[PDB]
Every structure is written in structure tokens, then in C-alpha cells.
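Data first, discussion second: the structure below is written as C-alpha cells.
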Amino acid sequence: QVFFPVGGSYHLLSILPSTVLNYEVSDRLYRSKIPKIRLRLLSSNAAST
Amino acid sequence: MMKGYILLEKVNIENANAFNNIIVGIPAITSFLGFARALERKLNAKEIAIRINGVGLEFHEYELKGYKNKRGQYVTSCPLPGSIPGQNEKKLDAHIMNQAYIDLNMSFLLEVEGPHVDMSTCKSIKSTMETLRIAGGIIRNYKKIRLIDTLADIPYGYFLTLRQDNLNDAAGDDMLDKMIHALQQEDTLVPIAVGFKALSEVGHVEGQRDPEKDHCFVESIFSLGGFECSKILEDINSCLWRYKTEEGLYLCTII
DNA sequence: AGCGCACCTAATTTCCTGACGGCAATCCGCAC
DNA sequence: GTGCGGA
RNA sequence: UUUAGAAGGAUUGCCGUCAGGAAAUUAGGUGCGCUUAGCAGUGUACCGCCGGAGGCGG
């Protein structure tokens with residue numbers, strides 16, 4: 001949760017990440033030659049949770 | 001005076017966040033303007049009236065925590081997790097989530113407008129830039145805090161600008177195809193995060209950081225950007241980021 | 001000072017190893 | 001303190 | 001008032017044995033470097049004198 005300035009006052013914003021976009025980017029980068037990084041940090045039991 | 005320009009020169013930051021759910025690299029622009037707004041709020045409680053309404057981001061060197069393999073790819077590192085609140089909190093080994101960290105040397109250009117913009121203001125900024133952070137990272141040292149007049153006092157480096165025309169004007173059915181094709185054509189552009197969009201309506205929920213303000217659930221939005229040297233820059237207004245707020249949209253744009 | 005060449009070209013063949021093996025430990029919230 | 005459920 | 005706020009990766013180790021790079025050649029013809037100029041801060045710092053360091057005569 002972060003604060004953002006809206007017109008002399010502030011608004012509190014809570015960020016929810018996108019799962020559908022993450023799947024879409026990873027499929028379309030698998031057959032491309034632009035720079036990419038693979039993150040290897042989650043386990044099988046953590047992903048299930 | 002009234003208007004003016006202040007340079008924060010060669011700032012070293014260690015361990016800043018570098019993960020924004022699709023991008024591992026430069027931190028999001030909202031943190032870099034959040035540093036400026038936090039500096040404004042701490043300066044206005046010491047009774048030095050000032051208002052920062054534009055930030056410029058110049059990059060001099062970088063390093064990502066990890067290593068580079070033989071094939072040329074990047075493998076990232078993380079610190080060992082400690083104790084995290086929750087159910088499995090009295091255990092000795094904790095869980096590993098998704099994270100990335102970067103080190104940067106940068107210089108900031110601030111447009112200030114107040115009742116007096118002198119070197120005493122620079123001393124007041126110097127006594128306040130040792131308590132803040134930048135993007136969740138500590139500040140180790142700085143060179144000087146000084147006032148600039150023209151585009152010949154700015155040191156050598158590379159600024160970050162917005163290139164939204166090279167995205168909206170490319171070939172593809174959807175925007176992600178537009179981004180991939182625009183990155184295959186020009187190889188000096190990077191993808192960046194530029195703010196948030198709305199997924200709900202403004203109201204009061206239960207469990208907030210500050211329980212007396214207005215809330216909205218959000219999702220991050222992404223765009224394109226590129227680098228331009230100091231000596232090839234035309235004006236000092238074509239490198240300054242600003243806050244803009246429509247209905248449902250929270251953005252940072254150079255315009 | 002004010003200069004620092006024009007022309008052409010840079011060969012062909014026959015190959016580039018057989019063996020074995022590449023760690024153990026730990027990183028799961030939740031109903032009942 | 002138990003076992004569970006999937007990739 | 002920053003995808004805010006938090007974090008010990010660590011202990012141990014035998015890469016080894018053998019080997020034929022080799023035969024042939026044509027770098028060649030041309031060419032204007034060239035106007036001007038004063039080396040020194042005085043060319044050295046010498047005999048004495050008081051006087052327990054600081055001074056004064058020629």
C-alpha cells in the first residue's frame with residue numbers, strides 16, 4: 001500500500017499483481033530474441049499455496 | 001526568487017528494488033518522484049517553504065546483484081529470509097519469494113518554486129537528504145548540492161525520456177505485440193513502469209495503512225523509454241517528469 | 001600553412017580422441 | 001499436532 | 001510520505017596418460033619541403049666585526 005498525490009491531498013493505493021499478464025509475457029518471450037531474465041525463486045509447494 | 005533549478009550530484013544508492021511483476025531492472029518512476037515529494041514534505045515541516053514540480057533522472061553507472069552466465073544471461077541473487085509474521089513464524093527456515101535488487105549512481109535535477117531559492121535552501125536539502133531513502137535503498141554518499149542556470153553546468157551522463165510514439169505506432173494486434181516488435185526494431189529502448197490504473201471504486205475498506213484517507217485497488221501500467229546524452233539535449237523541460245491524475249488513472253509523464 | 005596516391009590481390013587438402021563422473025541439508029499455509 | 005494437494 | 005516496512009548460504013575435495021603441419025612462389029613503376037628569427041633575474045653572493053640566536057662596516 002502506497003500514497004499518491006491527487007490534487008492537494010493524497011490517495012492510498014493497494015497494488016494487486018497480474019497473473020494473466022505474467023503467463024502471457026513468458027510464452028511470447030520464449031520464441032523471441034530480445035533480452036530476458038528467468039527468475040528461479042519459487043518452489044513447488046509455495047506455488048501451490 | 002521564485003523559480004529555479006537545483007542539482008543533486010552523483011548519489012550512490014545501494015539495494016533498491018528492481019521487480020515490477022514483468023520487469024527486472026531500473027526501478028519504477030513513481031519511487032523517484034516519491035523521493036522528491038518526501039523531501040518536500042520534510043522541508044515544509046522545518047518551515048522552509050518550497051514546492052518541487054519536476055524531476056530529471058540522469059544515469060552514470062549501475063550494477064545488478066547476481067552474476068552473468070557463460071551464455072550471456074543474468075542470474076539474480078537474494079538475501080537469506082529471516083522471520084516473517086504469520087503462521088509458520090517460530091520455525092527456523094522461512095520461505096523464498098520473488099525479488100531483485102540493483103545498485104545505482106545517479107544525479108537528480110529538481111525544479112523548485114518558492115519564496116526564496118538560495119544556497120541556504122541547498123544547505124537545508126543537505127541536512128535532510130541523510131534521513132531519506134531512494135526506492136527502498138540507503139544513500140551512501142553524495143558529491144555536492146548546487147544551483148544550475150543553463151544546460152552547460154549539468155555533468156556528463158544519460159537521461160531517461162518517454163517514448164510513447166514508438167509504441168502507439170508499431171505493428172500488431174495487441175499492445176504486447178506492439179511492445180515486442182518495437183523492441184525488435186530499435187535496440188536502444190527499454191520497457192519502464194509509469195504508474196497505476198484502477199480496478200475498483202474509491203471507498204473505505206478494513207485494514208488500511210492510514211484509516212482516514214481514500215482507497216482504491218490498483219494495477220501497474222507499463223510503457224517504453226530511451227536514453228539521450230546531456231550534450232545532445234535541446235531544452236531543460238524535455239527531461240522533467242511530472243505527476244498527472246485523470247479519473248481512474250495515476251500517471252507520470254514528460255509533457 | 002597544407003598536404004600525406006592512383007590499381008589489384010591476398011591458393012589449394014586432410015583432419016581436429018578415446019574413459020568416468022558432475023553431493024549431501026533447507027526454503028508449505030491451512031482446516032480440524 | 002496432523003495430513004493435503006498440485007504442478 | 002517511494003510494489004512501504006524485515007533478512008548469516010555453508011562445510012569437504014588428486015583431471016589425467018599419448019602424439020611429424022607440410023610442399024610451391026617476381027611487390028612494382030612516378031615525385032621541389034619551405035618563407036622568417038637577437039638566450040640568461042645583474043652571473044653571482046667576497047673579506048672581517050660584535051657577540052651569547054639576533055646584528056652591523058667595506
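Just so it is clear, the values below take in all heavy atoms, side chains as well, and ignore hydrogens, waters and symmetry mates. Proteins get letters first, then strands, A, B, ... in listed order; numbering begins at 1 in each.
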Of the candidate nucleotides E:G9, C:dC28, E:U3, which contains the atom at the shortest distance from the side chain of B:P79? E:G9

Is the ring centre of A:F4 less than 6.0 Å from the ring centre of B:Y243? yes

Any idea which of C:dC28, E:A6, E:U3 is nearest the B:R133 side chain? E:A6

How far, in whole Å, is C:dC28 from D:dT2 if one measures between their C1' atoms? 14 Å

Under the criteria of ring-centre distance below 5.5 Å and plane angle below 30 degrees, do E:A27 and E:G28 stack? yes

Looking at the side chain of B:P81, which of E:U1, E:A7, C:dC28 is the nearest nucleotide? E:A7

Which nucleotide, if any, forms a Watson-Crick or G-U wobble pair with E:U35, using both distances under 3.5 Å? C:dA1

According to the Watson-Crick and G-U wobble definitions, with both distances under 3.5 Å, which nucleotide is paired to D:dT2? C:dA31

Would C:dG22 and C:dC23 pass the stacking test, six-membered ring centres less than 5.5 Å apart and planes less than 30 degrees? no

Pairing nucleotide - E:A40, Watson-Crick or G-U, each distance under 3.5 Å: none

Does A:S48 reach a base, just sugar-phosphate, or nothing at all? Heavy atoms under 4.0 Å. base

Which nucleotide in the set E:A4, E:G9, C:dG29 lies at the smallest distance from any side-chain heavy atom of B:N88? C:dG29

In this structure, how many angstroms lie between the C1' atom of C:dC28 and the CD atom of B:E89, rounded? 16 Å

So, does B:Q87 get its side chain near the phosphate of C:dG29, meaning an N or O under 4.0 Å from OP1 or OP2? no

Would you say a side-chain N or O of A:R40 is under 4.0 Å from OP1 or OP2 of C:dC27? no

Separation of atom CD1 in A:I15 from atom P in E:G5, rounded to whole Å: 13 Å

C1' atom, C:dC27 versus E:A7: distance in rounded Å? 13 Å

Is there a Watson-Crick or G-U wobble pair formed by C:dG22 and E:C14, both distances less than 3.5 Å? no

Regarding B:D235 and B:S238, do their side chains bring together a donor and an acceptor under 3.5 Å, going by distance alone? no

Just checking, is any N or O donor in the side chain of B:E89 or B:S83 under 3.5 Å from an acceptor N or O on the other one? no

Can you confirm if the aromatic rings of B:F227 and B:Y158 lie within a centre distance of less than 6.0 Å? no

Base, sugar-phosphate, or nothing: which does B:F32 touch, judged by heavy atoms less than 4.0 Å apart? nothing

If pairing requires Watson-Crick or G-U wobble contacts with both distances under 3.5 Å, which nucleotide is the partner of E:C56? E:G48

Under 3.5 Å for both distances: E:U26 and C:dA10 as a Watson-Crick or G-U pair: no

Using the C1' atom in both, what is the distance from E:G21 to C:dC16, to the nearest Å? 13 Å

So for E:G52, where does the sugar sit by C1'-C2'-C3'-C4', north or south? north

Distance, rounded to the nearest Å, where B:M106 contributes CE and E:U2 contributes P: 17 Å

Minimum-distance nucleotide (side-chain atoms of A:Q1 versus E:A7, E:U1, E:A4): E:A4

Per the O4'-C1'-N9-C4 / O4'-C1'-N1-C2 angle with a 90° window around 0, E:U42 comes out syn

Which whole number of Å gives the distance between the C1' atom of E:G8 and that of E:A4? 25 Å

Tell me whether the bases of C:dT13 and C:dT12 count as stacked, where stacked means ring centres under 5.5 Å and an interplanar angle below 30 degrees. no

Expressed in whole Å, how much space separates the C1' atoms belonging to C:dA1 and E:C34? 10 Å

Are B:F217 and B:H215 close enough that their ring centres sit under 6.0 Å apart? yes

Have a look at B:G86 and say if it touches a base, only the backbone sugar-phosphate, or nothing, with a 4.0 Å heavy-atom cut-off. nothing

Output the rounded distance in Å from CG (B:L80) to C1' (C:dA25). 13 Å

Measure the distance from CD on B:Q99 to P on E:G5 and round it to the nearest whole Å. 13 Å

Do E:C15 and C:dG21 pair up in this structure? I mean Watson-Crick (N1 to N3 plus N6-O4 or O6-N4) or G-U wobble, both distances under 3.5 Å. no

Across all strands shown, which nucleotide pairs with E:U11 by Watson-Crick or G-U wobble geometry, both distances under 3.5 Å? C:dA25

With distance as the sole test, does B:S31 use its side chain to make a donor-acceptor pair with the main-chain N or O of B:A28 at under 3.5 Å? yes

Separation of the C1' atoms in C:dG29 and E:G9, to the nearest angstrom: 25 Å

Side chain of B:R41 only, heavy atoms from C-beta on: which candidate in C:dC27, E:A7, E:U1 is closest? E:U1

Looking at B:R209, does any N or O in its side chain come under 4.0 Å of the phosphate oxygens OP1/OP2 on E:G5? no

Treating B:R209 as the side-chain partner and A:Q1 as the backbone partner, does any N or O pair qualify as donor plus acceptor under 3.5 Å? yes

Sub-6.0 Å ring centroid separation between B:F108 and B:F35: yes

Applying a 3.5 Å limit to both distances, which nucleotide forms a Watson-Crick or G-U wobble pair with E:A4? none

Roughly how many Å is it from CZ in A:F4 to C1' in E:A4, rounded to a whole number? 15 Å

P atom, E:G29 versus E:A24: distance in rounded Å? 28 Å

Please classify the glycosidic conformation of E:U12 as syn (within 90° of 0) or anti (everything else). anti

Within the 4.0 Å heavy-atom criterion, would you say B:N20 contacts the bases, only the backbone, or no part of the nucleic acid? base

Is the glycosidic torsion of E:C47 within 90° of 0, making it syn, or is it anti? anti

Does E:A4 stack on E:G5, meaning their six-ring centres are under 5.5 Å apart and the planes differ by under 30°? yes

What is the separation between atom CE on B:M97 and atom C1' on E:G5, rounded to the nearest whole Å? 17 Å

Do the six-ring planes of E:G31 and E:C32 sit under 30° apart with centres under 5.5 Å? no

In whole angstrom, give me the gap between the P atoms of E:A40 and E:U44. 15 Å

To the nearest Å, how far apart are A:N45 CG and C:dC28 P? 7 Å

Is it the case that B:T121 and B:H116 place a side-chain donor and acceptor less than 3.5 Å from each other? no

Compare the minimum distances between each of E:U3, C:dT26, D:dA7 and the side chain of B:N21, then state the nucleotide with the smallest one. E:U3

Where does the sugar of E:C47 land, north (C3'-endo side) or south (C2'-endo side), based on the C1'-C2'-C3'-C4' torsion? north

Within the 4.0 Å heavy-atom criterion, would you say A:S43 contacts the bases, only the backbone, or no part of the nucleic acid? sugar-phosphate

Assigned chi class of E:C39 under the 90° convention is anti

In terms of side-chain heavy atoms, does B:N15 have a donor or acceptor partner in B:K65 at a distance below 3.5 Å? yes

